[PDB]
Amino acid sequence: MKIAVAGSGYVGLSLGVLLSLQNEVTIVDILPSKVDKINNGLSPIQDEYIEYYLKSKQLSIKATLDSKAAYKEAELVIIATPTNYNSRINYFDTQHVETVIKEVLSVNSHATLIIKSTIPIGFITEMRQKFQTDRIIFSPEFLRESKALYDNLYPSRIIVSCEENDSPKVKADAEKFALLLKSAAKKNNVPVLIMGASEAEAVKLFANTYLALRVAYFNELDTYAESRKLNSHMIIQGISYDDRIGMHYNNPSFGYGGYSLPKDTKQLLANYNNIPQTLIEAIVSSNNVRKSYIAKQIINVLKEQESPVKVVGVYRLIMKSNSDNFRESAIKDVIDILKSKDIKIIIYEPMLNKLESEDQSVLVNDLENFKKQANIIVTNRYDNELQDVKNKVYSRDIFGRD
């Protein structure tokens, strides 16, 4: 089948390559760099499986900047563009998704549009009324960065929306798409759920909010443990042996980061409007409180030192273990708070070439010089190459993952 995918990020590229094994895929983007990379078998992001598929699999995939040409030819269009949370409007800025819907509808009268980008609850319904069509459905995406294609090869589940009174074509396409994902998976028993759009939009926001809830909870337990001089690993291990709690996704950090959890928890809170709740709002505030607590602990360690200048060395800015980006990295907010103090900040981050011109932080990518200059080394996740300066490293990492 001829499929067009809007957006070549983690989601777009993962799905485009997944679907390119037995379908004719065209990935659309507005960045020439990504288009040329893809057209030459190169992945714009670090991902073991995407890199492997582009390099060694028979794929029917190409990229283009020509939006209209790609969408006109498509039988199905998958939308995977950004959906940033905008603090000014207290909501997701859905312009990049809407602009694609408009473009697709203006040149294609038969294709069903499938949104993979995380969206507000009620968005499909709002878009269907705005554009006066039923050819728009949602299929949430659950992949994790660094396992973008892997998670669609071995998905937890597949969900696609369909409304009772949708046209036979849209209903058939919703089903066909769910089955294209199922058949492309290498995993044998993948649950497939077909539900209303609002239910599906809710699934995605409530699932990510639960993951943020869990990180936030283990981080508050960790705040307590550090404040009371208790062994955090012993306590976490003790509660995690209850299989209703579990030994996964329970490693303390400076806060939940990444492009997704921060913005999605905020979006869910907004969708609640005045519906009664107290936990949803606390999951968002808990991250802020955790970050401020971490900043104060660092500040207190520093004032216990006798040095003319106090220098904090930040070891890495990656948003989680094995990440290739710093989107909403928790340590960056901690840094912001430390900056309001008389503290010099140096950053060790190989993936970065230069800091923005106004940044007062100083990038020191020679590890040895970095260790020498830092009075204290702050890092979200520990790494063995810090072994020789271990006694001046501050981190709440316990399990070395996530």
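Counting begins at 1, following the sequence as shown.
**Student:** Would you mind comparing 143-151 and 168-176 for me and telling me which has the higher average C-alpha temperature factor in the entry?
**Tutor:** Going by the record's values, the stretch with the higher mean is 168-176.
**Student:** So which stretch wins on mean C-alpha B-factor, 303-311 or 321-329?
**Tutor:** Mean C-alpha B-factor is greater for 303-311.
**Student:** Select lowest, middle or highest to describe the third in which the CA B-factor of residue 105 falls within its chain in this entry.
**Tutor:** As the PDB entry reports it, the C-alpha B-factor of residue 105 lands in the highest third of its chain.
**Student:** Would the CA B-factor of residue 200 place it in the lowest, middle or highest third of its chain?
**Tutor:** Tercile = lowest for this residue's CA B-factor.
**Student:** If you rank the chain by CA B-factor, which third does residue 281 end up in: lowest, middle or highest?
**Tutor:** Lowest third, going by the recorded CA B-factors of the chain.
**Student:** Where does residue 71 sit by CA temperature factor within its chain: lowest, middle or highest third?
**Tutor:** For residue 71, the deposited C-alpha B-factor lands in the highest third.
**Student:** Where does residue 379 sit by CA temperature factor within its chain: lowest, middle or highest third?
**Tutor:** It falls in the bottom third of the chain.
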